[PDB]
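Below: one structure, written as structure tokens.
Number of protein chains: 4
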Amino acid sequence: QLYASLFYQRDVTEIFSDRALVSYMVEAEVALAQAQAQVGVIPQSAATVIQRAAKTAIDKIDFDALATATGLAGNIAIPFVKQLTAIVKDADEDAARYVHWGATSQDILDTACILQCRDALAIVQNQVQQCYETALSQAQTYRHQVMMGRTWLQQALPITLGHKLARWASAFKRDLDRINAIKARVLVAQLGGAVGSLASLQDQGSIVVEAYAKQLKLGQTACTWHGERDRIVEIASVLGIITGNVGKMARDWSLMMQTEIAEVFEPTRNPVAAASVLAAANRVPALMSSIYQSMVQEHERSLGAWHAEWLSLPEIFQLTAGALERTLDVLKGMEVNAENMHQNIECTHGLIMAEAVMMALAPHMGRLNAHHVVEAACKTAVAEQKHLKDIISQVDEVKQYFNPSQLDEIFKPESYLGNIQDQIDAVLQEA
Amino acid sequence: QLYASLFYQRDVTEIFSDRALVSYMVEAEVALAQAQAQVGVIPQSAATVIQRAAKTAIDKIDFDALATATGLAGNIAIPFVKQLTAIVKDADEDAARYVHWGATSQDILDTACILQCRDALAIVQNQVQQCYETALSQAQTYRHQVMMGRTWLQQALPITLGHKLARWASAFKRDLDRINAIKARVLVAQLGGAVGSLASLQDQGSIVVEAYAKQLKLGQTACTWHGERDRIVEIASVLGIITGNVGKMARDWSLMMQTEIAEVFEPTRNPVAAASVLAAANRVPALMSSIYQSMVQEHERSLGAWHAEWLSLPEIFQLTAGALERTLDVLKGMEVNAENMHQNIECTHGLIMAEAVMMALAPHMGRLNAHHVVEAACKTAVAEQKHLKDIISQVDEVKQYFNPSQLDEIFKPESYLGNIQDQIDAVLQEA
Amino acid sequence: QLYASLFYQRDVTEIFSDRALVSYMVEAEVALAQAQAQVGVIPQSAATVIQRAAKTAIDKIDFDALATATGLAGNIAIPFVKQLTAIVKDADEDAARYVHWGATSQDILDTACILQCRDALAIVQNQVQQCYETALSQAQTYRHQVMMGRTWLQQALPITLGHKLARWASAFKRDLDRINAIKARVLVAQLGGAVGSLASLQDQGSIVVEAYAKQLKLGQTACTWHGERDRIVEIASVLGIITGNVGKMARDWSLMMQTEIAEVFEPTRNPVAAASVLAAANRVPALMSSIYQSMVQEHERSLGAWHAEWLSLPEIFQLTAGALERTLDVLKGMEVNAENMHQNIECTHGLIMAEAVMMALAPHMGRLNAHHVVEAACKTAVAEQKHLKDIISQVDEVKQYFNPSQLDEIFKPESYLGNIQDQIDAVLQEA
Amino acid sequence: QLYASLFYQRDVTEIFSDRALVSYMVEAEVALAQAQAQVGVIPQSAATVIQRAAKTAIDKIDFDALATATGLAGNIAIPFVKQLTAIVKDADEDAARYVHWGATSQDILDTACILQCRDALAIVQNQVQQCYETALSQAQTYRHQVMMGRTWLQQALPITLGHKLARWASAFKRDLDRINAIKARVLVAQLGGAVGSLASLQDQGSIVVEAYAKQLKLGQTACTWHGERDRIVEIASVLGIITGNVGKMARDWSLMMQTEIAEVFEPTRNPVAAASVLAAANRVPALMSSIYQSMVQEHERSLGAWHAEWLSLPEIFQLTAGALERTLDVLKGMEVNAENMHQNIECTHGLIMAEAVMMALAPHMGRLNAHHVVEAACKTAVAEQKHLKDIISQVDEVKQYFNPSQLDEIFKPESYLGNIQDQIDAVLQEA
């Protein structure tokens with residue numbers, strides 16, 4: 003609980019709480035009774051009593067009894083079914099016989115898991131959508147804010163803050179595409195009985211799965227997937243990529259907050288938001304190892320791999336929604352310090368503009384000749400500890416082709432941004 | 003090398019060998035010169051000399067010099083560019099000036115990586131396609147081969163071998179869908195220069211990227227992605243799911259090969288193919304942790320995360336193609352032992368048919384009554400160590416509703432398969 | 003909470019609960035005030051008021067306020083210090099000035115972490131000690147219980163159950179050695195102030211650390227270790243090995259519980288204990304990836320890596336203590352089914368004794384000759400579907416050297432156990 | 003091969019090459035024949051022929067045949083034994099019968115693995131020893147070089163470069179202790195035969211293992227450990243900690259190389288060494304997940320887990336030795352830029368000395384009063400954009416207790432280093 007505030011996101015944590023989990027299991031049991039009554043497998047009468055008794059089962063369920071019983075049964079569904087049955091019995095000893103009719107523990111657990119995933123995906127998707135919108139808007143606001151591009155953590159050539167923001171925006175848009183593309187394949191119901199054959203429903207199996215899926219508004223699958231878990235992993239893999247995208251952003255803005263750089267700051284000096292996001296960017300990759308090992312499952316119901324999913328999947332959702340929430344706060348209240356950006360550009364005293372000077376000279380001199388005059392000027396500028404502009408401006412060959420004013424233009428960071436504006440426009444359009 | 007034969011797949015290993023990597027880099031340099039000549043940035047003359055000198059550069063390149071130089075430069079592209087330039091020079095000192103014009107090391111390395119991924123994906127996709135076809139065909143051949151379904155490694159209720167095969171087939175089909183769905187987003191070119199601004203190409207940047215993408219037949223992206231790596235991770239994540247699917251299959255067939263079960267065997284008694292596949296199902300999840308940590312990259316070119324990708328991505332492809340190749344061999348030459356399957360069904364002496372007997376009795380007796388007669392019969396059958404059929408057949412209540420012949424039918428494994436045939440038909444149709 | 007019962011161990015979970023964590027932080031603050039009063043840095047008077055106010059601070063602390071404040075400060079220590087100070091103030095506005103004198107957040111957090119580790123290690127060590135004792139005792143009880151040894155999951159040659167138990171016992175003993183060997187190096191105090199220089203204590207720093215360590219009965223280190231985390235990883239690495247040892251045991255006993263093998267059973284048929292232990296054996300390796308990435312920490316206090324430890328370390332302890340607790344239950348109430356063991360030995364109808372027959376014949380025949388008679392007999396026995404003893408006993412060359420009674424001895428599983436009894440005695444002695 | 007130069011270390015890579023592996027296997031076979039001849043199990047004559055034929059077997063072995071055969075057998079030992087036998091046969095058809103007498107594949111593979119580990123550990127230990135020596139020497143050289151301590155990547159209070167170096171030195175010393183402490187437990191021989199019972203050696207088993215261990219100068223274990231793998235994991239876990247220690251150092255020196263900080267540089284501006292070390296600090300944690308999953312092994316010889324070790328263990332050694340080698344180069348030729356260190360200390364214009372000013376005033380004013388005068392001065396200094404010294408020096412209360420010269424002393428970074436010199440001396444002594 004003390005850490006929930008630091009790393010997770012309140013709504014996604016609630017969706018995965020013990021109380022919500024049991025709520026979703028109740029929902030799965032109700033849909034099952036309804037789907038069966040609707041096709042004749044059980045009397046409409048029983049379904050109605052179950053549907054009504056359910057509305058308050060959550061308040062009548064003993065969570066201490068449930069936890070203790072879980073350790074002995076090996077899963078929550080078994081003791082949960084006992085309790086729900088006893089609850090429906092105290093309302094009609096007869097409807098009680100139809101509670102959990104034909105299902106096995108994993109049907110209810112996997113279905114509640116998919117119901118949880120459906121709801122937490124909606125929240126995560128909306129967070130990504132706001133992050134995208136906000137990054138696009140800031141990219142536009144600062145598309146002309148010049149600053150240094152850094153490679154291997156060393157100043158290299160100028161870029162604009164808007165270009166970093168456009169790069170992040172486009173990454174969020176690819177995440178939005180990934181989320182939409184997996185929904186149909188992944189949000190499906192689970193109902194197959196003990197060995198996934200629906201044997202106790204005899205020849206009514208396919209009819210009942212179809213109506214069960216429909217009641218919950220989930221997809222239906224061709225065959226039971228108690229042992230094939232690609233759908234679970236697939237959902238985790240997309241959350242993993244989203245966490246990696248904001249992890250990269252948090253690495254960048256906290257580096258820009260170093261005392262000696264101070265170009266961008268987290269809204270109100285410690286980078287508290289970066290610390291949480293970077294912790295999630297450490298933890299999610301480790302949880303991915305786990306969710307992938309969980310694919311190796313024995314026959315019709317695994318020993319170990321399936322149990323591990325109950326611990327890893329929720330943690331991945333919670334860290335991702337938590338990391339997205341802190342990233343949004345930062346993208347919205349981000350403080351840009353234009354003076355420090357200008358100052359850090361002056362750090363190498365014009366040496367970073369060397370190649371720009373060389374390109375301006377190439378036409379009137381031949382690239383070989385241009386390269387040679389600039390390299391000798393850099394040596395001189397370093398020996399005299401002067402700005403490269405001061406040295407190049409007193410070189411004869413050069414005065415032959417450029418006035419002082421043309422030289423001042425050649426040395427402006429803005430004059431060497433290549434096609435950065437085309438790239439920013441290109442990402443503003445894919446929107 | 004000795005292990006390559008055990009875990010990898012020959013063609014995918016070649017695509018990622020030092021020699022192929024340098025080949026793809028050469029290909030990237032040629033496309034760059036051609037795209038530039040085609041839009042005016044460099045003389046068509048130079049492009050033609052480079053394109054021709056390239057055809058044999060691979061044979062002229064010194065790989066020992068290259069490896070030694072790589073350790074000092076920090077990447078292969080830098081010493082590779084020197085060498086290729088020297089090679090083009092000995093053919094025309096003038097065309098040599100245009101080699102690697104405007105690109106930075108990462109453009110050539112990421113582009114060669116995507117070219118490699120394109121080729122290895124084609125091979126992996128074709129392996130999945132054959133695995134799918136073969137699983138569908140075997141599923142049909144054995145849709146009626148009865149055997150025990152096992153949960154928590156304990157016999158539970160009958161299923162058919164064809165149902166396990168249909169479950170695997172449908173998993174392969176979802177993999178085929180995943181592979182097709184990422185191609186457009188992932189197989190794109192990389193050309194952005196030092197800080198991804200294409201500054202040295204000035205206002206010709208967007209025009210050149212477009213023609214470079216086209217020359218290589220790759221997609222073009224809105225902005226440079228030197229630091230945003232979701233496309234790399236995404237490709238690894240799909241390979242990871244495929245390896246998890248065959249890992250699950252290898253766990254199953256090797257369990258079916260245990261001396262005491264002996265229901266299915268690897269083609270010619285050790286499960287050599289399972290050992291390799293299960294090793295890949297251990298290694299790939301670990302490599303996933305690595306590829307996901309690699310998303311956290313500093314600014315415009317990372318220190319560490321990017322270097323790690325060069326080691327992990329190829330290993331994931333190689334283990335996946337290797338695991339697919341051994342799985343295909345097994346799916347094709349799989350030996351089914353129907354007698355052992357029949358025998359293991361007799362293992363509990365009819366106790367696994369208890370619920371089937373109870374369902375047959377429910378109508379003529381009321382489920383409560385049916386449950387009670389069957390439970391007392393199980394106790395008796397265990398006490399007398401007799402087959403449950405022998406005990407139930409001499410119970411009065413029962414003889415009242417069933418002749419010996421109807422009892423023999425109720426006890427046949429085939430009579431309690433629920434909707435397994437509908438599920439097998441459903442997966443044969445999605446095809 | 004519902005899952006705590008399934009995977010963790012009650013006492014270790016309490017040591018890592020929010021309430022115990024704050025308790026240990028209080029303990030760290032008290033020791034600090036006492037150590038300082040004892041060397042003159044603060045008045046003995048203040049230390050006494052703090053020590054007394056502390057006895058009930060836990061009941062006066064607002065945990066909701068604390069959680070909310072934590073999300074904003076980035077760690078629990080900061081809001082905790084405010085609260086504890088306010089608590090000491092309402093008892094003496096003057097002693098309150100000396101609360102948390104000279105320490106930084108990480109000193110209190112790392113010290114409370116080591117106090118927690120000290121207490122959970124004592125519990126884990128005692129669990130390993132009982133597992134060791136129990137395995138040694140069972141090894142002795144069944145040192146002569148013959149059963150099949152299995153390689154690549156295939157029957158190979160006879161072993162005894164006692165030999166598997168001795169192998170597990172010796173592994174537990176190496177764990178006991180590992181635990182004892184790291185205590186001195188790992189259970190040390192943390193007190194270094196903001197940048198680990200104890201600057202606000204001026205020239206009293208070393209004197210105060212020495213007395214602080216002593217008050218808590220922890221080791222003292224030569225230099226501050228806010229950024230060097232090998233001690234944390236080292237503790238996790240040993241817990242990781244212990245979880246791997248019981249993971250291996252759970253894989254084995256659940257395989258022995260398969261319906262068709264049924265040689266050993268979990269005490270009261285699903286392997287519920289194996290499912291939990293195997294889930295921990297999936298999760299701990301993934302958490303190890305995380306704890307190892309956490310070593311890469313920036314300068315004097317990291318951004319991300321340190322925060323991640325707060326989530327991973329406790330989970331590793333909790334899963335290990337949980338896995339040990341279920342393993343102990345199984346080692347103590349383990350049900351051995353000697354008849355099934357005897358029966359599975361008869362599974363290949365004497366074929367597994369082929370090499371034993373060959374060794375008995377080698378002396379009177381020459382190994383070449385012995386190998387050739389046995390191989391032809393195996394072919395015949397398989398063709399006639401007879402026990403190998405029936406075939407070999409009617410082979411002339413053979414009757415020439417052995418009576419029927421000597422042949423019956425050569426075919427007893429017990430006669431081909433090599434030095435298994437020496438190995439079991441050897442592990443009973445290292446005890 | 004091209005990457006070997008970037009990430010690994012030449013000698014450790016050779017120890018794990020195919021050629022060295024087969025060399026060590028030959029060595030294991032020779033020791034086995036010798037140990038057996040020495041106790042009577044095989045004729046001294048055969049042992050001598052094998053020992054002599056071995057001296058050149060490596061040159062006679064067909065590596066292509068070996069690789070092809072390996073993929074079919076499932077391990078290298080099987081086809082290797084065939085070849086070595088054929089080699090010994092062409093020298094004496096009789097000695098050939100005793101090649102690999104009584105051993106199983108895993109005995110030779112695990113023994114060659116431990117022989118490799120023994121040799122690579124010697125190299126890694128020596129690298130750590132040199133890193134330790136060099137760090138201690140540099141710590142001494144710069145114990146007085148003042149620079150900023152940084153927390154959460156923000157300047158905090160002064161420290162000395164020597165203190166960072168002492169912290170690293172002490173971490174290397176704990177690694178030296180860890181390496182020495184595991185040798186006895188981990189460097190042991192493996193000889194147990196098919197199911198670890200040495201059944202084919204009958205009652206000579208224990209005698210032969212003892213002499214086999216002795217011939218190779220390895221420890222002997224109480225029982226066979228084909229399935230218990232804690233010794234392998236333990237070796238990987240220590241290499242993992244070493245890689246994490248230099249990973250932390252590489253993060254620090256590359257941050258100190260940022261253009262705007264420029265306090266320390268890699269010897270000859285890109286941090287090429289940091290890039291490799293940080294890639295190993297990403298990859299090793301992932302490989303740890305794998306080596307830990309490999310503990311879960313089936314019965315007497317696993318399917319999958321054991322095979323995976325052949326790929327992970329060597330990679331961990333190679334990355335660790337590679338990371339150590341680059342770290343040593345940097346520790347030895349490290350360039351310290353004292354002026355930039357001095358300059359970055361002036362970055363906040365005295366604000367970082369605020370607490371030092373407050374401690375100097377506390378005695379003559381009361382901590383409350385001191386805190387209040389300093390906080391108002393910081394506000395003023397920020398409003399006027401002046402150095403805090405300029406503001407505090409014109410505050411009356413203050414002039415009352417300090418002359419200008421005493422104020423200049425209070426503001427020197429060196430005057431607020433707490434017990435850093437005691438810590439540096441403490442680590443120089445543990446040496």
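Residue numbers (UniProt numbering), protein chains in the order written: chain H, 3 to 270, 284 to 446; chain C, 3 to 270, 284 to 446; chain V, 3 to 270, 284 to 446; chain E, 3 to 270, 284 to 446. Positions of the beta carbon are idealized from the N, C-alpha and C atoms, including for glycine.
With distances taken between CA atoms, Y26 (chain C) lies nearest to C:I60 out of C:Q40, C:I60, C:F9. Here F426 (chain V) carries a coil assignment [DSSP, helix/strand/coil]. Out of E:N77, E:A385, E:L339, E:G348, the CA that lies nearest to the CA of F9 (chain E) is found in E:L339.
If the five residues before and after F426 (chain H) are omitted, its C-beta is found closer than 7 Å to the C-beta atoms of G365, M368, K404, all from its own chain and listed in chain order. Residues of the same chain with a CB within less than 6 Å of the CB of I161 (chain C), apart from the 5 flanking positions on each side, are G151 in chain order.
For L138 (chain C), same chain residues with a beta-carbon under 7 Å away, outside a window of 5 residues either side, are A171, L443, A446 in chain order. With 16 or more other CB atoms across the displayed protein chains lying within 10 angstroms of its CB, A289 (chain C) is buried. Using beta-carbon distances, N297 (chain C) does not count as an interface residue toward chain V, since no partner is under 7 Å. The C-beta of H102 (chain V) has 16 or more other C-beta atoms within 10 Å across all chains shown, which makes the residue buried. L117 (chain V) does not reach chain H, its nearest Cβ partner there being about 17 Å away, counting only Cβ pairs nearer than 8 Å.
Taking C-alpha positions only, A392 (chain C) is separated from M374 (chain C) by approximately 15 Å. Under the Cβ criterion (8 Å, minimum of three pairs), the stretch 22–38 of chain H does not count as touching the stretch 339–359 of chain V. Residues are counted here when their Cβ sits less than 7 Å from a Cβ of chain E; for the stretch 235–253 of chain V these are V235, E236, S239, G242, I243, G246, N247, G249, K250, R253, given in chain order. Close CB contacts of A323 (chain V) within its chain, under the 7 Å cut and outside five residues either way in sequence, are with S305, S309 (chain order). Boundaries of the beta strand (DSSP E) harbouring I161 (chain C): 156–162, taken from the DSSP string. Taking C-alpha positions only, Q3 (chain C) is separated from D20 (chain E) by approximately 7 Å. For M258 (chain V), there is no enclosing beta strand (DSSP E); the enclosing alpha helix (DSSP H) has its first and last residue at 232–258. At least one beta carbon of chain C lies nearer than 7 Å to the beta carbon of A301 (chain E). Closer than 7 Å to the CB of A48 (chain V) there is not a single CB belonging to chain E. When C-beta atoms of the stretch 111–123 of chain E are compared with those of the stretch 174–194 of chain E, three or more pairs fall below 8 Å, so the two segments count as touching. Listed in chain order, the non-local C-beta contacts of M251 (chain H) below 7 Å within the same chain comprise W170, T342, local neighbours out to five positions each way being set aside. The Cβ atoms of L155 (chain H) and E313 (chain C) lie closer than 7 Å to each other. Counting the other Cβ atoms within 10 Å of the Cβ of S256 (chain E) gives 16 or more, which makes it buried. In this structure, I184 (chain H) keeps its C-beta atom at 7 Å or more from the C-beta atom of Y100 (chain H). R145 (chain E) carries a coil assignment under DSSP once its states are collapsed to helix, strand and coil. Among the residues facing chain H, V311 (chain C) is included, as its CB has a counterpart in that chain under 7 Å away.
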